[PDB]
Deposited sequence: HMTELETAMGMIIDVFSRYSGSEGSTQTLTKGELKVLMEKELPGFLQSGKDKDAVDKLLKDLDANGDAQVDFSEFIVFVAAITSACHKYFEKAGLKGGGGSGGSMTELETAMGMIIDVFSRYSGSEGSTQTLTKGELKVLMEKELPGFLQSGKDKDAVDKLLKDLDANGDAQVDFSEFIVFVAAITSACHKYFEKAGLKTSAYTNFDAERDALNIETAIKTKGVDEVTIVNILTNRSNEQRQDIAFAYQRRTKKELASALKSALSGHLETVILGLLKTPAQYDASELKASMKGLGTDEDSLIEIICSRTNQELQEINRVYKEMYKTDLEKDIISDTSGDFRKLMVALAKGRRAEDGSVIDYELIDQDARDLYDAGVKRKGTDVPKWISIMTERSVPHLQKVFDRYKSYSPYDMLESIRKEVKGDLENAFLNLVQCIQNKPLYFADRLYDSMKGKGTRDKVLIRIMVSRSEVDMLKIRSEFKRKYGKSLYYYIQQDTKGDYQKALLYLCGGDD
């Protein structure tokens, strides 16, 4: 590694070391920030002057207002300190973090030249610095574009402020690309402590439980039961309230248990919550649905299919039953062109081409064929029809059957975008559709949350993190934010 590469890796490693001690590996908590400051920048925080120093520092660095310091905020802080130190050394004529900052300063000064009383890089100096310290980063004159991109004041040079801003940007890009020891007994002890603390320490409960995998939460529940002789979920049900309770109790169930309880809740009592039933049944895969069927009958002493049959009717019932069987053809990864064309033509003949609809044909095709096959089928279907599959569904059917078909085609085409749209709908208006938001954040945090976030940011222009921040507050908000995993 080059000296500059080594310094960047050192800054990343410092952040990683301190961010992993509690909560998320992606941010620093206030306590983590105080520890980092004491060990890596001793004396900068003048604690002893005031014991509130870290609160002020956190407020100063917390650009997005979530009471944590992610890597973007941390790296802009490190760059500001390094630039100030460069100017201080200029005007005047060791921990790991301090070492990395000093290394960046030394690297700049080893390629820089005198200009006025400052040290700057011309284009050629910048060229050689890039080729020797960041090999592979650099068009015939890509160094000129790099110069113009960094030259903020437009004086045809790169001073240290512009350089350190560039270094911060590329270190941040490396960390985010990397984004894109566990012990159950210790977790259980700390959770019991947080539960028995007067008033309940919900912050610790969230910090731990929303930053473990489902399997690790099962381990923690077993360790808690063995330590306490009481069930973790009952203790937390007693200790918590409201939406935070909903979130935590959902996280404590296995994926299949959670989906099964949500389906039962969608059918238990008068009427039906068709939106929830449709979301779960159309979005879940073969393996997920088979596990749901087993666990559902375990938990409720009846078949999920029998509950669906009892709660629904007509073609909507037919579609839901067929989908809930969870025996769609698996991705064969061998393309059946003849069947793609025949399925497309059948879908057209059954719907837009004729008066009425051959709904059983639609159901057979869209529940039995594999997902890649059906993606190709929808593209081919367009060749026959002036309306794509979704608009065809809107023109052909209505009510719960139409809703089910629309959701199903969306999950076949782009399931992350489906969930991004559902989340946006759950938050966009007044109040929150907390049931939907919680169910999606809990059920997809470990599945495709990165892709959901990417589609959400692409379509709506701000992050899923941001919308959660605006719609929810308190420990509930912080739990949902940890389940999202990061801003953008």
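Sequence ranges 1, 95-104, 150-153, 196-204 have no coordinates in this entry (deposited sequence, numbered from 1, C-alpha basis).
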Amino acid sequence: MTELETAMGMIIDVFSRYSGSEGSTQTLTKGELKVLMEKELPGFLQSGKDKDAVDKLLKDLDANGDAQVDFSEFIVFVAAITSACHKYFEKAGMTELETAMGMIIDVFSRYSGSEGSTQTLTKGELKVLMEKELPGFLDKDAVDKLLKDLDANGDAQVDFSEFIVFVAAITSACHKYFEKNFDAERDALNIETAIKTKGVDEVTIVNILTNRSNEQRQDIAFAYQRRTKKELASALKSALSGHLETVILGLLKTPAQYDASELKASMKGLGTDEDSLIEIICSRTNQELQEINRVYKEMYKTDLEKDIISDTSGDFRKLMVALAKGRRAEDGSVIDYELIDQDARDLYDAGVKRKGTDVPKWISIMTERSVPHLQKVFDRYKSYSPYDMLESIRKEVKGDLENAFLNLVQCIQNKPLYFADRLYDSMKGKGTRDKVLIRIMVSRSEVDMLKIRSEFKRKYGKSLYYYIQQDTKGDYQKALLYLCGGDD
From here on, numbers count along this sequence of modelled residues.
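Between 223-231 and 248-256, the higher mean Cα B-factor belongs to 223-231. Mean CA temperature factor is higher for 37-45 when stretches 37-45 and 424-432 are set side by side in the entry.
Highest CA B-factor among the listed residues (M103, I205, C411, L390): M103. The PDB entry assigns its highest CA temperature factor, among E291, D379, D183, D273, to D183.
When the CA B factors of the chain's modelled residues are split into thirds, the value for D50 lands in the highest one. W362: CA B factor lies in the middle third for its chain, per the PDB record. In this PDB entry, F160 carries a Cα temperature factor that places it within the middle third of its chain's modelled residues.
Per-chain ranking of the deposited C-alpha B factor places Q26 in the highest third. In the deposited entry, the Cα temperature factor of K140 sits in the top third of values across the chain's modelled residues.
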